[PDB]
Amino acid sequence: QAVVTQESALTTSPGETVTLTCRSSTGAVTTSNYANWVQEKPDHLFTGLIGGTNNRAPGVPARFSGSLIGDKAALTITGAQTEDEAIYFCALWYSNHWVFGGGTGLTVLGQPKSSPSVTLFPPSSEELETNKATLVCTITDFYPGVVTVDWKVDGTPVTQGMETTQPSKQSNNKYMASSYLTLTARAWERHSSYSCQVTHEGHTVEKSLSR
């Protein structure tokens, strides 16, 4: 019955200092919600760094440190390491229950920044005979690994029948993702304008195919 907020993503550099907040929609975070920051490494790895706001589980690199700033709980990685580029989930206690926030995807640039290469494919002709049309939009070599994807069928923004994988690290250390938009071959012949809009870092890139 409570929503715990966390930053979308944060980009810090090596040897730097970065800090994640953990907001409470019920009020300022108290010591009663022992925000327990937990780290997420890819392929389902989970370790808790900070517990009880202040205490650091034993064996957590001293650089990680918990505290309260203002009205929100806070994880402050001092001297951020390249091996810190990971997802950070915070948790808050509320008398009888616990509540995990949205988590922060933290990028620790260890390569310069790259833009997304967009490719929006049309339905295969073969697929069309199956009374199905799958718009395939691919996104490669973007870094940091965070993009927002939007479609617009006939200048109108689509709100359903669209799905996108979560950014997955490429061999280089950059990221890639693939967005799909499923349609009945009938729904396809009905519209004309199609576009895949990928925003990466606040810069949009469109790729459209007229039918």
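Numbering starts at 1 and follows the sequence shown.
Mean temperature factor over C-alpha atoms, higher-scoring stretch between 186 to 194 and 20 to 28
Per the PDB record, 186 to 194.
Tell me which of 141 to 149 and 36 to 44 has the higher mean C-alpha B-factor in the deposited entry.
Mean B over CA atoms: larger for 36 to 44.
Name the residue from 82, 76, 104, 130 with the greatest C-alpha temperature factor listed in the entry.
Answer, based on the entry's C-alpha B-factors: 130.
Per the entry's values, where does residue 134 land by CA temperature factor relative to the rest of its chain, in the lowest, middle or highest third?
It belongs to the middle third of the chain when residues are ordered by C-alpha B-factor.
Relative to the other modelled residues in the chain, which third contains the C-alpha temperature factor of residue 176: lowest, middle or highest?
Its C-alpha B-factor belongs to the middle third of this chain's values.
By the record's CA B-factor, is residue 63 among the lowest, middle or highest third of residues in the chain?
It belongs to the lowest third of the chain when residues are ordered by C-alpha B-factor.
Please place residue 49 in the lowest, middle or highest third of its chain according to the CA B-factor in the PDB entry.
For residue 49, whose C-alpha B-factor we compare with every modelled residue in the chain, the answer is the lowest third.
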